[PDB]
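Right, one structure below, let's go through it.
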Amino acid sequence: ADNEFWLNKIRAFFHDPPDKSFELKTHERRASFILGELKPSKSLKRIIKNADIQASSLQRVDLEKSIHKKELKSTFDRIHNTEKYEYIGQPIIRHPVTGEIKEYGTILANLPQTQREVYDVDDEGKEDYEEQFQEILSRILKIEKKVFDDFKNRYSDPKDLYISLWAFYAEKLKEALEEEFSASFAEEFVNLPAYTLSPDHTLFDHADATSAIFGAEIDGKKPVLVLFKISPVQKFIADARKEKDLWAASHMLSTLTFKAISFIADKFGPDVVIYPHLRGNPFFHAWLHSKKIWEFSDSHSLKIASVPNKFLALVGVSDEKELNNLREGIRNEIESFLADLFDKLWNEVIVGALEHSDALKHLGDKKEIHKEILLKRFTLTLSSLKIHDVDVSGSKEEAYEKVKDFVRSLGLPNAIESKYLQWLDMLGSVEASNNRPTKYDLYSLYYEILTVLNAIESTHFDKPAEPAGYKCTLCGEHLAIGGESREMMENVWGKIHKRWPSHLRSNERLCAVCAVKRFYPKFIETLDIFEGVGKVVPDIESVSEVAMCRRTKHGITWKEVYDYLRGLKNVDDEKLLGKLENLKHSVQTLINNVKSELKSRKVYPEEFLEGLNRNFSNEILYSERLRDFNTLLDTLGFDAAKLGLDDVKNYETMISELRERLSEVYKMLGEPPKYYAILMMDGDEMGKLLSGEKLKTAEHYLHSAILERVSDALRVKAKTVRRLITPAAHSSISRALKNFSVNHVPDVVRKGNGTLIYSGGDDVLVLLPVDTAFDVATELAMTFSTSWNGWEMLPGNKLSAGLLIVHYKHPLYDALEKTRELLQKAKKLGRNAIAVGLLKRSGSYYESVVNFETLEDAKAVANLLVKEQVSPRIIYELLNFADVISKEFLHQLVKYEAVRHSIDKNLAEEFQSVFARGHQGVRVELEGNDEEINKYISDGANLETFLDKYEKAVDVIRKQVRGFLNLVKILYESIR
Amino acid sequence: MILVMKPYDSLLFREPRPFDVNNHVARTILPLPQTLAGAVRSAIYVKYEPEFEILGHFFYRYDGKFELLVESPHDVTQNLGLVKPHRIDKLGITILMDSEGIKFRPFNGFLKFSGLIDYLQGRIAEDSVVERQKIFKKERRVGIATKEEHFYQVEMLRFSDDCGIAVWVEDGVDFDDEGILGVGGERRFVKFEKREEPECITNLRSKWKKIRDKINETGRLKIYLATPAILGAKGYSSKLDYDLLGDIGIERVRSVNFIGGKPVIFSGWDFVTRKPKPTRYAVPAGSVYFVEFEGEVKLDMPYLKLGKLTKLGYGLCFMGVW
Amino acid sequence: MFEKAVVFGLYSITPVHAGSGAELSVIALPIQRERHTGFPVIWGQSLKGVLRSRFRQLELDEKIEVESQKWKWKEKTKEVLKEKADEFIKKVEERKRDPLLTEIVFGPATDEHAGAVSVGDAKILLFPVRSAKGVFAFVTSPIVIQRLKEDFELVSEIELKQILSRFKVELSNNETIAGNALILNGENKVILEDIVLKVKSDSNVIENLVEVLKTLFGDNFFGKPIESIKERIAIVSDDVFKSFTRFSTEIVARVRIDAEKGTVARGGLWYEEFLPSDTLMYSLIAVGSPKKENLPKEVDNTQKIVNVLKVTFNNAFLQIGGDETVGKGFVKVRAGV
Ligand SMILES: Nc1ncnc2c1ncn2[C@@H]1O[C@H](COP(=O)(O)OP(=O)(O)OP(=O)(O)O)[C@@H](O)[C@H]1O
Ligand SMILES: Nc1ncnc2c1ncn2[C@@H]1O[C@H](COP(=O)(O)OP(=O)(O)OP(=O)(O)O)[C@@H](O)[C@H]1O
Ligand SMILES: [Mg+2]
Ligand SMILES: [Zn+2]
């Protein structure tokens with residue numbers, strides 16, 4: 001039954017031994033030996049192998065049948081007598097996207113130093129090498145057997161053992177090997193490819209793809225590709241007041257989509273979902289801990305919403321009714337989680353605040369409508385594309401002709417139709433009778449059509465008819481809770497604010513969605529995958545806190561001293577310890593007076609007022625906020641008029657003393673920063689990359705030294721035909737995306753003192769101080785552009801970014817919308833460019849869309865500016881001349897201005913050089929629909945020569961220089 | 001009768017997010033039909049669901065020739081290429097096709113009534129489209145006004161000197177021709193004028209029979225949303241009720257394909273009860289419905305009203321062929 | 001709403017720096033500029049904030065004489081409200097409210113109903129540019145006449161209506177129509193701040209523009225003879241006019257000096273831009289019938305509520321912008337009778 005299905009999935013996972021590339025001759029028996037008593041049957045092995053060949057690496061499984069006077073081989077045993085094989089060379093690995101070729105260093109060091117490149121069957125001087133190879137292979141097999149035996153012994157249920165193996169078998173085996181051989185040995189060994197003749201993906205990625213395909217086709221189930229989108233996202237994210245609402249919205253969205261993902265995974269299997277790569281995901285680890293499979297290791301922080309709002313899975317459905325049942329199950333799971341949260345809120349913050357009032361009875365009949373309003377808020381769209389079973393019976397030529405004719409019957413436009421016809425021809429250009437097309441040959445086409453369908457089918461909405469009444473004050477679109485009558489709503493919400501003053505305010509009247517999001521942080525410790533992970537909610541409350549994260553001139557951040565004020569983290573430095581202690585005593589005495597006064601009014605819970613020593617608003621460190629008692633009370637979140645304390649004036653001595661102490665601290669800690677940076681990034685044309693257009697020709701993804709030895713026809717085909725991704729290649733791409741988005745961005749964000757909020761796949765959303773915003777942006781862009789960091793894959797693609805520097809007092813929704821507009825502008829203007837914008841508290845707006853390398857030189861000139869090496873007046877003159885300047889006297893005018901406004905000749909020359917180099921990369925927005933110029937700027941090429949050929953180069957250069965000065969002005973304001 | 005409404009100054013139409021003291025930044029949205037309907041109601045009340053019906057509202061530009069601009073359809077790619085949904089019987093699914101790739105970006109802008117008389121056939125010229133910047137711009141006023149924190153940002157609609165807003169009203173219900181009335185959020189006003197029905201309407205009205213018979217003979221019909229509609233029956237849903245097309249005489253529908261943007265969320269102030277009106281969701285204007293109808297259409301007008309609140313100006317839809 | 005309207009006029013006695021802009025190109029604080037056209041403008045929101053405050057302070061001093069009869073606000077609220085009108089008096093004197101009559105005219109305070117009037121944006125009408133002959137010139141653009149053509153039809157409209165339609169002139173980027181005091185003698189050309197312009201012969205366009213100004217701002221022109229103005233209009237092309245408003249305004253460098261050292265402080269240097277003096281602005285004021293809340297017998301209809309506004313503001317002198325203490329903002333107003 002289901003246990004048999006799980007055992008079959010386990011067998012399909014291990015049909016290829018992890019050390020298959022070491023010796024291809026006896027790989028099947030090694031796999032059967034590593035599977036132990038769970039070894040596959042005969043026909044089940046045959047169907048598993050059929051699923052494997054019909055799965056991805058079809059650019060290898062239709063290429064490993066190279067019959068050029070022999071069967072081409074590429075292994076490590078190199079005893080493959082040339083009478084029938086004629087091998088090529090040592091195994092390599094190629095990046096699935098950029099085709100970057102990496103050899104295997106440490107694996108060869110442990111291999112015997114053979115005196116010849118090739119060995120025959122029974123030649124002399126071979127016995128010792130064969131004995132050494134047998135010894136090392138036996139050691140590897142013993143290690144694998146020990147690991148798998150431990151895994152089998154620990155877990156009794158087939159499903160638990162299957163999921164545990166899929167999640168940690170690679171990690172445990174790598175740990176054992178690095179304990180035995182070496183760390184680099186295990187790192188290289190665990191990254192061996194499956195099909196060595198085209199090492200474009202890892203062995204384990206191929207194993208996961210094989211398991212997914214086999215599960216999709218098992219028991220007569222027709223494989224189907226399913227894509228799910230929960231929308232809208234940006235509008236739901238933007239509806240925030242403090243940073244906590246934004247974090248709660250992001251985490252809630254990620255939790256909902258991961259609830260759907262977990263339902264799918266527990267139904268079919270963890271590997272059935274291609275994107276996101278669940279392995280290594282902190283949410284997946286928490287889910288595993290929930291299922292009592294593996295205890296959470298606390299290595300990866302759960303406070304980050306590390307799950308995208310869409311997932312793509314490969315599942316097998318018996319019929320359409322099964323797919324409809326799956327969709328209804330996903331929707332009901334998500335709605336059940338939402339209703340659980342709504343009930344928790346309604347019975348812990350509403351009933352607990354109106355335990356006896358008649359207002360509870362008035363809104364008691366409105367529980368159903370608000371529950372249904374919250375449930376029907378999001379749109380859950382599930383789109384499924386049945387994978388066609390192409391008739392491959394008959395001759396190889398006839399089968400390929402039938403497949404191509406089926407492709408031609410779809411009526412697709414000539415561009416991608418020609419692309420897929422070329423792919424099919426290149427597949428059919430191999431010389432082998434047994435070569436046959438597979439159903440998953442057009443997996444890329446199915447994915448593209450599925451994405452189009454999802455983008456179309458997700459535009460349908462069905463939402464209820466809410467009654468009249470005043471709307472929520474935060475979202476603004478939904479009727480507020482108990483908002484039927486203004487007096488009733490005000491009474492209810494005042495009672496709730498009195499009951500919960502740490503979260504709400506004196507004038508907040510939320511709806512179901514907004515209230516659930518606001519109270520989301522206090523509930524999640526009692527939700528499914530939690531209560532056993534620990535510290536999910538982050539210790540950051542307001543957007544001003546991340547602004548204070550900027551480090552001062554004494555190697556100490558305002559946030560750190562604020563945390564010292566509450567006593568959380570003591571300050572090690574003693575040169576300012578006395579002043580800090582004085583300020584802490586002053587603020588503690590003032591808040592003690594405030595809480596003692598508030599306790600007299602008997603309007604707030606004693607428990608909440610007791611903790612005001614620790615959870616007082618950090619905005620009191622701003623000297624502006626301490627102009628009187630009413631503003632001080634409002635800063636802490638209390639309405640003086642509502643409490644009637646607008647006339648109290650006996651605390652003026654305390655406020656004045658605190659202001660004096662704050663000025664004393666400012667004397668050498670500097671004024672507390674009031675500006676922070678919002679940075680949201682996206683993947684550049686990821687749909688095009690997955691569509692195959694941005695992928696390179698098949699020559700790179702194949703073994704480097706096998707193109708020549710192969711037949712000429714398919715040689716030229718692979719020379720000029722672009723590869724199309726497939727389940728294992730897609731899984732490897734998603735694995736690289738997971739590696740980046742999980743192991744890299746959090747680390748550089750923490751090192752950059754910023755607070756990462758959402759890092760799901762390609763996208764990233766962080767809030768950082770104005771100090772390290774640009775540095776971390778460039779670091780993350782270079783990390784994403786990387787292809788092979790150490791021994792782990794990386795996306796090897798580009799990001800457009802939108803960075804906004806805005807005042808902490810600015811409303812969160814408008815700042816987020818402006819940052820999204822910046823990102824959209826960056827994408828609109830030759831992607832792989834960062835769009836930097838500054839929004840001052842007054843309301844003035846700056847703009848600049850430049851390349852990612854333009855920041856460094858702009859940072860250099862800004863550093864020269866702040867260090868008083870060059871007068872700031874040079875900026876004003878250059879802006880004045882930017883309107884009337886041309887490329888011919890660019891350098892001369894810049895040199896004159898530099899030598900005039902610098903300190904010496906060397907500084908002027910350096911300024912000229914950095915200005916000349918940096919200003920080349922700046923995106924421009926001409927009146928005409930011109931993207932070619934931005935494309936030329938985006939790389940660094942003959943664009944300068946092309947500018948001479950270009951007919952409006954003067955406008956381009958003028959916009960370039962004006963934008964460079966604008967961005968350097970932004971940088972100078974940020975540092976200063 | 002058209003109702004030209006030239007704004008003397010910029011206009012701001014309040015988005016549903018509140019803005020009194022806290023959300024100082026107040027953005028703007030395109031004028032909803034309810035706001036202009038209320039303005040016209042005030043105008044007729046001063047001159048002498050309202051008893052009179054407002055067909056809808058469109059932008060216009062007056063540069064020598066007076067032309068009404070209709071919101072850019074969601075059926076037009078950014079390369080001025082139409083998108084047609086063709087179904088794949090092999091895979092059992094229907095996708096939207098632009099004959100240049102399965103992916104496309106809708107063209108934001110406008111479409112003149114000459115465009116409408118040609119776009120309904122299935123082709124679009126180059127001069128038939130106008131970009132957004134040629135009509136209005138997003139002018140954001142800043143720092144308008146114990147008032148250290150009252151400084152609030154506001155974004156308005158800065159119409160071009162030759163561009164305004166025209167409101168379509170059915171024949172009859174005559175009232176004052178020239179005058180001034182207040183429209184929008186922060187107190188502003190327009191210099192409205194009453195003008196005879198433009199020749200573009202009669203151009204499209206006279207040529208209605210040709211497109212109607214083409215639709216009837218080809219068995220295919222496309223419905224273009226000039227103004228947003230509330231198509232829900234009990235609640236608010238984007239799914240097109242088959243009975244709704246039964247009014248025009250559709251015996252049966254084979255398949256319905258619709259492409260549209262995010263829904264518009266809006267409400268109003270009930271002056272009678274001094275309480276905000278119930279929140280509503282409407283399909284955004286510019287969306288198009290592709291249907292495969294069985295039978296024939298007997299509508300004598302090239303337009304029909306779909307959904308609720310059609311008297312205000314909601315649900316202005318055009319019958320076209322694909 | 002807004003049954004009728006009245007036309008206001010402004011004339012910068014001293015340079016005006018009102019508001020700011022979201023552009024922030026070079027100057028730290030530019031002036032409020034229209035988006036599509038780029039002309040300098042005074043937003044009706046900020047213009048109302050100085051119109052209402054000036055009207056309010058008159059009430060506290062009782063200089064709002066209505067129909068040649070002085071206004072006494074203390075008794076008027078008691079006469080028309082009674083009961084809590086004594087408390088209304090206390091609230092107004094507590095600075096938590098505003099005088100009664102102003103709130104009928106300019107709307108209630110922060111703590112009902114709406115103001116009977118609306119303040120439109122102040123669009124530019126004349127701009128001063130340094131010239132060679134005729135030291136300074138009042139430059140316009142043909143579309144600026146077009147903007148004035150439509151707006152002026154709301155109040156005047158009938159002789160001016162016929163002459164309003166006559167305002168239709170096409171100008172090239174170098175030709176101009178100028179008064180006699182600006183044309184260089186002999187060489188029929190005009191120089192306006194480094195730009196050489198060729199005078200286009202005409203006898204109606206300049207006369208028509210000064211015709212409507214006299215009929216809408218009196219025979220006197222803001223303390224100057226009207227005939228002395230007719231010789232200094234220089235209508236230029238739109239691109240020329242647009243360029244002038246961007247670059248012919250006064251950009252004033254400013255810095256703060258510390259007495260401890262006598263030098264300037266680091267980072268305390270910035271540039272602010274001011275609208276030039278002698279800039280004839282004009283703003284349309286829309287007036288409607290006030291909300292019926294037992295108003296006094298003198299402010300029933302719209303015709304009575306516009307006469308008070310026009311009389312109390314004609315030949316006034318109020319300050320706009322945020323540089324009052326340094327003599328920036330004083331403008332002479334001439335309501336259109
Ligand atoms: N948990 C999350 N937190 C923050 N941002 C997220 C999260 N999940 C997704 N996003 C991002 O929010 C955006 C919303 O994407 P969405 O699916 O709504 O479509 P879209 O491309 O924005 O446009 P459309 O609404 O027309 O479909 C995307 O950029 C997505 O990457
Ligand atoms: N490996 C992947 N597998 C499946 N879906 C992915 C993968 N990586 C990203 N995606 C999703 O594909 C979608 C891509 O659509 P999107 O609108 O973001 O355009 P794009 O191709 O990323 O580029 P652009 O924004 O520049 O047009 C996103 O929702 C993204 O989350
Ligand atoms: Mg992307
Ligand atoms: Zn809400």
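Naming scheme: A, B, ... for chains in displayed order of the structure tokens; residues 1 onward per chain; ligands 1 onward as shown.
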
* Any idea what's packed within 7 Å of stretch 168-185 of chain A, counting only C-alpha atoms, ignoring anything in its chain fewer than 3 positions away? Could you give it as a list in words? ->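 Everything that qualifies: residues 106, 107, 144, 147, 164, 165, 188, 189 and 190 of chain A.
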
Write out, as a PDB file, in the first residue's frame, the residues just selected, with C-alpha atoms.
```pdb
ATOM      1  CA  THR A 106      41.055  16.083  -4.101  1.00  0.00           C
ATOM      2  CA  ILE A 107      39.311  13.022  -5.555  1.00  0.00           C
ATOM      3  CA  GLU A 144      27.801   4.172   2.498  1.00  0.00           C
ATOM      4  CA  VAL A 147      25.349   5.377   6.838  1.00  0.00           C
ATOM      5  CA  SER A 164      14.854  11.373   6.468  1.00  0.00           C
ATOM      6  CA  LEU A 165      17.051   9.835   3.765  1.00  0.00           C
ATOM      7  CA  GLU A 188      34.133  16.782  -4.030  1.00  0.00           C
ATOM      8  CA  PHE A 189      32.734  13.252  -3.702  1.00  0.00           C
ATOM      9  CA  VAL A 190      29.250  14.438  -2.710  1.00  0.00           C
TER      10      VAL A 190
END
```

* What's the 7 Å shell around stretch 31-40 of chain B, counting only C-alpha atoms, without same-chain residues fewer than 2 positions away, as a VMD selection string? -> chain B and resid 13 29 42 to 44 56 to 57 183 312 to 314

* Spatial neighbours of residue A:41, 12 Å, only C-alpha atoms, chain gap at least 4 places, as a count of residues only -> 13

For ligand 2, return the neighbouring residues as a compact mmCIF listing (two decimals) with C-alpha atoms, in the first residue's frame (distance at most 9 Å; only C-alpha atoms and all ligand atoms).
```
# COMPACT_ATOMS: atom_id res chain seq x y z
CA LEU A 227 1.90 25.42 -10.20
CA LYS A 229 0.29 31.01 -6.59
CA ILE A 274 10.96 21.33 -7.87
CA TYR A 275 10.82 24.95 -6.70
CA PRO A 276 11.72 25.86 -4.01
CA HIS A 277 14.35 23.20 -3.27
CA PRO A 308 8.47 32.04 -1.98
CA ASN A 309 4.79 32.62 -2.67
CA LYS A 310 4.76 30.11 -5.55
CA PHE A 311 5.77 26.47 -5.80
CA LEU A 312 6.09 24.10 -8.75
CA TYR A 447 6.59 24.57 -17.74
CA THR A 451 3.47 29.57 -16.09
CA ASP A 682 14.72 40.28 -7.98
CA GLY A 683 16.04 37.74 -10.44
CA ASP A 684 16.69 39.04 -13.95
CA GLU A 685 14.59 37.30 -16.62
CA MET A 686 14.45 34.03 -14.70
CA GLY A 687 11.52 33.02 -16.89
CA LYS A 688 13.67 33.47 -19.99
CA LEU A 689 16.47 31.43 -18.40
CA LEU A 690 14.05 28.62 -17.55
CA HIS A 730 15.65 22.36 -13.00
CA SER A 731 16.29 20.77 -9.60
CA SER A 732 19.96 21.76 -9.76
CA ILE A 733 19.00 25.34 -10.66
CA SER A 734 16.60 25.41 -7.71
CA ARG A 735 19.32 23.92 -5.50
CA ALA A 736 21.69 26.74 -6.45
CA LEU A 737 18.91 29.26 -5.78
CA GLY A 760 12.88 33.45 -1.00
CA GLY A 761 14.65 32.06 -4.04
CA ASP A 762 15.81 34.85 -6.33
CA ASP A 763 13.99 37.61 -4.45
CA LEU A 799 19.68 41.02 -10.23
CA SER A 800 18.00 44.36 -10.67
CA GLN A 824 10.45 48.19 -11.52
CA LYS A 827 14.14 46.34 -14.49
CA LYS A 828 12.68 48.69 -17.14
CA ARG A 831 18.39 44.93 -15.83
```

Report the closest atom pair, with its distance in Å rounded to one decimal, for each residue of chain B that has an atom no farther than 10 Å from ligand 1; count only C-alpha atoms and all ligand atoms, sort by chain and then rising residue number, and write it as a tab-separated table.
```
residue	atom	partner	partner_atom_place_in_ligand_line	distance
B:105	CA	ligand 1	26 (O)	10.0
B:260	CA	ligand 1	26 (O)	9.2
B:261	CA	ligand 1	26 (O)	6.5
B:262	CA	ligand 1	25 (O)	6.5
```

Chain A residues within 8 Å of chain B, counting only C-alpha atoms: which ones, as a short mmCIF file (atom, residue, chain, number, x, y, z; two decimals) with N, CA, C and O atoms, in the first residue's frame?
```cif
data_model
loop_
_atom_site.label_atom_id
_atom_site.label_comp_id
_atom_site.auth_asym_id
_atom_site.auth_seq_id
_atom_site.Cartn_x
_atom_site.Cartn_y
_atom_site.Cartn_z
N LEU A 385 -0.97 21.09 -15.71
CA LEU A 385 -0.78 20.77 -17.12
C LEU A 385 -0.46 19.29 -17.23
O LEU A 385 0.61 18.85 -16.78
N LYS A 386 -1.37 18.52 -17.82
CA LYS A 386 -1.15 17.10 -18.00
C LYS A 386 -0.01 16.87 -18.99
O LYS A 386 -0.01 17.44 -20.08
N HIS A 388 1.79 15.18 -21.77
CA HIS A 388 1.36 14.33 -22.87
C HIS A 388 2.26 13.11 -22.99
O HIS A 388 3.47 13.18 -22.80
N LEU A 410 0.62 22.07 -32.20
CA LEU A 410 0.16 23.00 -31.17
C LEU A 410 -0.06 24.41 -31.70
O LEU A 410 -0.75 25.19 -31.04
N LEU A 412 2.18 26.79 -31.95
CA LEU A 412 2.98 27.74 -31.21
C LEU A 412 3.74 28.66 -32.17
O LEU A 412 3.99 28.30 -33.32
N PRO A 413 4.10 29.87 -31.72
CA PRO A 413 4.78 30.80 -32.62
C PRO A 413 6.17 30.31 -32.99
O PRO A 413 6.80 29.54 -32.27
N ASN A 414 6.64 30.79 -34.14
CA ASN A 414 7.81 30.22 -34.78
C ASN A 414 9.06 30.29 -33.92
O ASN A 414 9.96 29.46 -34.08
N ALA A 415 9.16 31.25 -33.00
CA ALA A 415 10.36 31.39 -32.19
C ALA A 415 10.59 30.17 -31.30
O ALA A 415 11.54 29.40 -31.52
N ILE A 416 9.72 29.96 -30.32
CA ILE A 416 9.94 28.83 -29.42
C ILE A 416 9.60 27.50 -30.09
O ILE A 416 10.16 26.47 -29.73
N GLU A 448 6.59 26.33 -19.44
CA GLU A 448 6.25 27.66 -19.95
C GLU A 448 4.75 27.84 -20.08
O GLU A 448 4.19 28.87 -19.68
N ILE A 449 4.06 26.83 -20.63
CA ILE A 449 2.61 26.93 -20.78
C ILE A 449 1.94 26.97 -19.41
O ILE A 449 0.95 27.69 -19.21
N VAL A 452 2.30 30.47 -18.04
CA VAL A 452 1.35 31.37 -18.70
C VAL A 452 -0.06 31.15 -18.15
O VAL A 452 -0.78 32.11 -17.86
N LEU A 453 -0.46 29.89 -18.00
CA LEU A 453 -1.79 29.58 -17.48
C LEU A 453 -1.97 30.13 -16.07
O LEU A 453 -3.01 30.72 -15.75
N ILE A 456 -2.42 33.74 -16.04
CA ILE A 456 -3.74 34.10 -16.54
C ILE A 456 -4.83 33.70 -15.55
O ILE A 456 -5.72 34.50 -15.24
N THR A 459 -5.73 35.82 -12.27
CA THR A 459 -6.40 37.11 -12.36
C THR A 459 -7.88 37.03 -12.01
O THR A 459 -8.56 38.06 -12.02
N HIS A 460 -8.39 35.83 -11.72
CA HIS A 460 -9.79 35.65 -11.36
C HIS A 460 -9.94 35.78 -9.85
O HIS A 460 -9.18 35.18 -9.09
N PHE A 461 -10.93 36.57 -9.43
CA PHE A 461 -11.19 36.79 -8.01
C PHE A 461 -12.67 36.60 -7.73
O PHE A 461 -13.53 36.86 -8.58
N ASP A 462 -12.96 36.15 -6.51
CA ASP A 462 -14.33 36.04 -6.01
C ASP A 462 -14.30 36.41 -4.53
O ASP A 462 -13.73 35.67 -3.72
N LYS A 463 -14.91 37.53 -4.18
CA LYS A 463 -14.82 38.06 -2.83
C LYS A 463 -16.20 38.42 -2.32
O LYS A 463 -17.10 38.75 -3.10
N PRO A 464 -16.41 38.37 -1.00
CA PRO A 464 -17.76 38.56 -0.45
C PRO A 464 -18.24 40.00 -0.49
O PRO A 464 -17.49 40.91 -0.87
N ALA A 465 -19.49 40.21 -0.08
CA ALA A 465 -20.09 41.54 0.01
C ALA A 465 -20.16 41.92 1.48
O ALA A 465 -21.09 41.54 2.19
N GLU A 466 -19.17 42.68 1.93
CA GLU A 466 -19.14 43.12 3.32
C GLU A 466 -20.22 44.17 3.56
O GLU A 466 -20.62 44.89 2.64
N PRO A 467 -20.72 44.27 4.80
CA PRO A 467 -21.75 45.28 5.09
C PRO A 467 -21.17 46.68 5.20
O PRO A 467 -19.97 46.89 4.98
N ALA A 468 -22.01 47.66 5.54
CA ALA A 468 -21.57 49.04 5.66
C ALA A 468 -20.81 49.23 6.97
O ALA A 468 -20.65 48.31 7.77
N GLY A 469 -20.33 50.45 7.18
CA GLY A 469 -19.58 50.80 8.37
C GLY A 469 -18.23 51.40 8.02
O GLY A 469 -17.74 51.32 6.89
N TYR A 470 -17.64 52.03 9.03
CA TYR A 470 -16.34 52.67 8.85
C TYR A 470 -15.25 51.62 8.68
O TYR A 470 -15.21 50.62 9.41
N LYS A 471 -14.38 51.85 7.71
CA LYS A 471 -13.38 50.86 7.34
C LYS A 471 -12.21 50.86 8.33
O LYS A 471 -12.09 51.73 9.19
N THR A 473 -8.60 51.41 9.84
CA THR A 473 -7.77 52.60 9.75
C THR A 473 -6.37 52.32 9.23
O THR A 473 -5.65 53.27 8.91
N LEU A 474 -5.96 51.05 9.14
CA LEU A 474 -4.63 50.70 8.64
C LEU A 474 -4.68 50.27 7.18
O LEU A 474 -4.01 50.87 6.33
N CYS A 475 -5.45 49.23 6.87
CA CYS A 475 -5.59 48.79 5.49
C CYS A 475 -6.44 49.78 4.69
O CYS A 475 -6.08 50.17 3.57
N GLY A 476 -7.57 50.20 5.25
CA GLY A 476 -8.42 51.18 4.62
C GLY A 476 -9.49 50.63 3.70
O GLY A 476 -10.32 51.41 3.21
N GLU A 477 -9.49 49.32 3.43
CA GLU A 477 -10.43 48.75 2.48
C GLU A 477 -11.47 47.84 3.11
O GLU A 477 -12.55 47.67 2.52
N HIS A 478 -11.20 47.25 4.26
CA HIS A 478 -12.11 46.31 4.90
C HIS A 478 -12.79 46.97 6.09
O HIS A 478 -12.22 47.83 6.77
N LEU A 479 -14.03 46.55 6.34
CA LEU A 479 -14.78 47.05 7.49
C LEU A 479 -14.07 46.68 8.78
O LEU A 479 -13.66 45.52 8.97
N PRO A 811 5.74 56.91 6.39
CA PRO A 811 4.87 55.73 6.50
C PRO A 811 5.43 54.55 5.73
O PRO A 811 6.00 54.70 4.65
N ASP A 814 4.03 53.68 1.94
CA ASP A 814 4.52 54.51 0.84
C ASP A 814 5.99 54.23 0.55
O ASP A 814 6.40 54.22 -0.62
N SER A 842 11.58 65.99 4.38
CA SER A 842 10.81 67.07 3.78
C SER A 842 9.92 66.55 2.66
O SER A 842 8.75 66.94 2.56
N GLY A 843 10.46 65.68 1.81
CA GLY A 843 9.69 65.12 0.72
C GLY A 843 10.40 65.20 -0.62
O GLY A 843 9.88 64.74 -1.63
#
```

* What residues in chain A lie within 8 Å of chain C, counting only C-alpha atoms, written as a list in words? ->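 Here is what falls inside 8 Å: residues 843, 844, 845, 846, 876, 879 and 880 of chain A.
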
At a cut-off of 6 Å, list the chain B residues touching chain C, using only C-alpha atoms, as a PDB file with N, CA, C and O atoms, in the first residue's frame.
```pdb
ATOM      1  N   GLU B 139       1.717  64.673 -10.528  1.00  0.00           N
ATOM      2  CA  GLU B 139       2.316  65.792  -9.813  1.00  0.00           C
ATOM      3  C   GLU B 139       2.096  65.605  -8.318  1.00  0.00           C
ATOM      4  O   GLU B 139       0.953  65.472  -7.866  1.00  0.00           O
ATOM      5  N   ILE B 144       2.526  70.827   2.311  1.00  0.00           N
ATOM      6  CA  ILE B 144       1.439  71.794   2.201  1.00  0.00           C
ATOM      7  C   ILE B 144       1.241  72.529   3.522  1.00  0.00           C
ATOM      8  O   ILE B 144       1.168  73.763   3.559  1.00  0.00           O
ATOM      9  N   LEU B 181     -17.766  73.119 -10.918  1.00  0.00           N
ATOM     10  CA  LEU B 181     -18.141  72.272  -9.795  1.00  0.00           C
ATOM     11  C   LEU B 181     -16.889  71.631  -9.215  1.00  0.00           C
ATOM     12  O   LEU B 181     -15.865  71.501  -9.888  1.00  0.00           O
TER      13      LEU B 181
END
```
